[PDB]
Student: 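Pasting a structure here, questions to come.
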Amino acid sequence: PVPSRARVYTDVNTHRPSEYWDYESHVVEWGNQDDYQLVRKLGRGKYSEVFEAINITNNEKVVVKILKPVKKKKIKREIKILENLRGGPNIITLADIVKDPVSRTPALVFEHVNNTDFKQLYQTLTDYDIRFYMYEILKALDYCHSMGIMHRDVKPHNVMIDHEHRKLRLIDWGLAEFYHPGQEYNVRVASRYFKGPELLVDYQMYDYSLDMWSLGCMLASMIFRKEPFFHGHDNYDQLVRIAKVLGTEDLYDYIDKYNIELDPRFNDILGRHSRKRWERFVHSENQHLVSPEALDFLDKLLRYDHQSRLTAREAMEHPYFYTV
Amino acid sequence: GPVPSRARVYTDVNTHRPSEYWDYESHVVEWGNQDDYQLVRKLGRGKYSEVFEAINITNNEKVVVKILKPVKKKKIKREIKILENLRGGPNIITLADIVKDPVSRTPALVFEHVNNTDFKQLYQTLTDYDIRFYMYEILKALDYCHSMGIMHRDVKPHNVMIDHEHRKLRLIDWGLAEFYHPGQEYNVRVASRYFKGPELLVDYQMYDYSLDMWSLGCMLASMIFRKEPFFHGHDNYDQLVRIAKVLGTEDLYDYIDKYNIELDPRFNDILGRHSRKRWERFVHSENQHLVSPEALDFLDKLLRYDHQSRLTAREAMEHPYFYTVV
Ligand SMILES: CCc1ccccc1-c1ccc(CNCCc2nc3c(OC)cccc3[nH]2)cc1Cl
Ligand SMILES: CCc1ccccc1-c1ccc(CNCCc2nc3c(OC)cccc3[nH]2)cc1Cl
């Protein structure tokens with residue numbers, strides 16, 4: 001395959017000392033979990049359980065994420081990334097790294113986030129709300145991208161919102177990675193519905209632009225009230241669902257531009273598909289969230305070619321955000 | 001008999017944890033194959049151990065290998081359980097593996113690599129800031145292990161490794177460490193002579209984490225006054241006399257009366273009568289650049305006969321002497 005590099009923040013890690021991006025060499029100091037009392041279970045991941053807790057030393061609520069130790073380098077990577085991004089705009093704030101004296105299970109302690117119900121907001125959300133929160137996610141992305149990191153798991157489950165205080169946090173940095181130009185990354189990241197075409201066609205030299213595809217999948221689901229927007233039933237079928245919207249002509253132009261070899265599993269399922277107009281997805285239920293600006297912005301995110309997608313900084317200057 | 005005593009901090013941390021945590025005699029040790037490590041050179045010694053620099057052949061990473069002279073089986077079990085309990089704690093030497101050479105079958109412990117700076121010729125370069133910085137780092141290690149219900153019981157310069165280039169410090173040799181249980185009577189034949197607390201010298205067995213804070217105070221006094229060691233005893237009885245020549249004998253009697261301690265008759269002809277000295281008496285041209293009112297107030301609050309009156313590691317961390325550190 002033809003090599004590729006990010007259009008923005010290409011060399012941000014190249015120009016930094018090894019200690020910043022060398023997570024395997026980073027030394028983790030695990031404090032005593034005795035300072036925290038677990039209150040209740042909040043959420044759950046495939047390799048984590050998230051609890052609400054109280055810090056007994058200051059009577060402040062915190063969030064404790066207990067990690068299922070499956071891979072050691074993976075825990076070190078998330079911690080390093082969290083330490084590098086600690087305090088960044090709309091990034092979940094790592095407050096402590098602790099282990100329970102008896103269990104010795106890795107646990108991460110974060111700033112408390114007061115989650116407003118996802119299904120309660122969904123119908124009462126306005127056109128303004130979507131632009132407001134889209135801009136807040138973009139602040140988090142432009143920032144982590146500038147810090148040489150790609151989240152690689154951008155989805156609604158990984159965005160916590162406290163609608164009362166108009167506060168948003170991008171969470172679960174467990175799949176996050178450091179961007180290095182020319183590096184070949186594992187394509188088994190993100191959650192099926194949010195996987196970029198680069199992942200589905202096994203193109204490893206991807207970059208920050210992967211997060212912009214995932215962001216486009218989120219916006220499409222919100223403005224059209226269609227969740228998920230691209231409803232694949234497996235990773236191969238996922239590309240077919242994308243192809244039913246973007247068409248198969250542009251998919252072949254994409255794979256030819258990067259000299260990508262299409263997996264034979266696609267042979268009997270891909271078919272032939274016309275490129276659809278974004279206006280076809282507008283209906284009575286969703287028309288109050290759709291505008292020419294929203295559709296133009298969406299069109300500029302949901303592109304096969306990872307290089308042709310808007311960067312987080314270009315996205316922030318789009319007319320869709322002129323009112324925020 | 002003697003009046004009972006208990007720690008002011010972390011008193012019941014082991015009482016409220018299951019058997020599993022502190023019952024080291026019941027802990028099962030999994031000894032891996034030492035074939036993954038090649039010994040490079042001898043770094044140091046211990047009366048019960050030899051410490052080497054080694055290379056892990058599987059990842060080309062340097063490690064530290066401590067080979068234990070099997071004197072007591074429960075003792076190896078205790079050190080391993082404590083190291084596993086503290087594994088990953090701040091400024092604690094990190095146990096990476098537990099191995100046995102296939103032929104020798106000798107217990108060996110594998111740790112994270114620590115790059116020791118030659119403490120020699122660099123004591124003269126050390127600044128007031130460096131002492132405060134490194135003292136704070138040791139306090140992080142102590143508050144953590146005490147919070148985990150462990151007393152180190154051998155705090156001294158030899159057991160603190162410093163990589164000055166990276167400003168990295170590790171508290172090592174947990175071979176004398178013990179689990180703290182309130183009301184437990186411990187063996188007083190612990191620590192190294194110059195660092196032994198008065199509780200050990202007067203054979204007061206119901207001691208606690210505060211023993212480590214006395215040893216820390218001996219280290220601080222030696223560094224700030226450039227007097228190594230600060231309390232230079234020639235035997236364990238003479239050690240108490242050396243302390244008494246500084247702290248005075250009036251406060252020593254108040255200490256032994258508070259705990260109804262019986263003073264050994266061996267002290268009768270050597271203890272004498274000693275006035276309590278001002279810490280300012282130890283300031284000279286060679287060390288005045290390391291001494292300040294804050295340092296002397298902090299030292300005074302560590303070097304107390306009464307183990308209960310000494311600062312805890314958490315109280316020490318909040319002292320004005322540390323207001324200038326990160
Ligand atoms: C107007 C915002 C928006 C714009 C476009 C697309 C989607 C949304 C959106 C819609 C809903 C949500 C809310 N997601 C909450 C997910 C969440 N993850 C959690 C969790 O993870 C461990 C634990 C406990 C609670 C948790 N809550 C987030 C977002 Cl970003
Ligand atoms: C005088 C005490 C003091 C007071 C305040 C601040 C610093 C010091 C100090 C000053 C120097 C050192 C250096 N200690 C070296 C310890 C060491 N232990 C080793 C070892 O043990 C087996 C093997 C090989 C090398 C080893 N090096 C440690 C310390 Cl803690």
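In what follows, chains carry the letters A, B, and so on, assigned in the order in which the sequence lines appear, proteins first and then strands, with residues in each chain numbered from 1. Computation of the quantities below employed the complete heavy-atom set of this structure, encompassing side-chain atoms and omitting hydrogens, waters and symmetry-equivalent molecules.
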Student: Is B:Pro18 close to A:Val102 at the side-chain level, that is, under 4.5 Å between some pair of heavy atoms?
Tutor: yes
Student: Which value, rounded to the nearest 0.5 Å, describes the distance between A:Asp100 atom CG and B:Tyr21 atom OH?
Tutor: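 A:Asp100 atom CG to B:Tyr21 atom OH measures 9.5 Å (nearest 0.5 Å).
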Student: Is A:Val27 close to chain B through its backbone or its side chain, or both, or neither, when contacts mean heavy atoms under 4.5 Å?
Tutor: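 For A:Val27, the side chain is the part near chain B, not the backbone.
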Student: What distance separates B:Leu86 CG from A:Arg104 CZ, expressed to the nearest 0.5 Å?
Tutor: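 With rounding to 0.5 Å, CG (B:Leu86) is 11.0 Å from CZ (A:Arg104).
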Student: Under 6.0 Å from the NZ atom of A:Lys68, do we count more than 12 heavy atoms belonging to anything else shown?
Tutor: yes
Student: To the nearest 0.5 Å, how far apart are CD in B:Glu20 and OG in A:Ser103?
Tutor: 9.5 Å
Student: I'd like to know if B:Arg17 and A:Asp34 make a salt bridge, using a cut-off of under 4.0 Å between side-chain N and carboxylate O.
Tutor: yes
Student: For A:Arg5, I'd like to know if atom CZ has over 12 heavy atoms of other residues, nucleotides or ligands within 6.0 Å.
Tutor: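 Check fails, neighbour count at 12 or below.
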Student: Under 6.0 Å from the CD atom of A:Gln204, do we count more than 12 heavy atoms belonging to anything else shown?
Tutor: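 Yes, enclosed.
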Student: Which heavy atom of A:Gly31 sits nearest to which heavy atom of B:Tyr144, and what is that distance?
Tutor: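 Taking A:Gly31 first and B:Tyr144 second, the nearest heavy atoms are C-CE1, 3.9 Å.
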Student: Do A:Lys99 side-chain atoms and B:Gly89 backbone N/O form a donor-acceptor pair below 3.5 Å?
Tutor: no
Student: Near A:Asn58 CG, under 6.0 Å, is it more than 12 heavy atoms from other residues, nucleotides or ligands?
Tutor: yes
Student: If you measure from CD1 on B:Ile92 to CD on A:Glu29, what distance do you get to the nearest 0.5 Å?
Tutor: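 One finds 9.5 Å between CD1 of B:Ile92 and CD of A:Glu29.
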Student: Tell me, yes or no, whether the heavy-atom count around B:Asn187 atom CG, taken from other residues, nucleotides or ligands under 6.0 Å, exceeds 12.
Tutor: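 Result for CG/B:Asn187: enclosed.
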Student: Of all the heavy-atom pairs spanning B:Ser147 and A:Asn32, show the shortest one and how long it is.
Tutor: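 Nearest heavy atoms, B:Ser147 then A:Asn32: OG-ND2, 3.1 Å.
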Student: Less than 4.5 Å to any heavy atom of chain A: does that hold for the side chain of B:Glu84, its backbone, both, or neither?
Tutor: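 Both the backbone and the side chain of B:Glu84 come within 4.5 Å of chain A.
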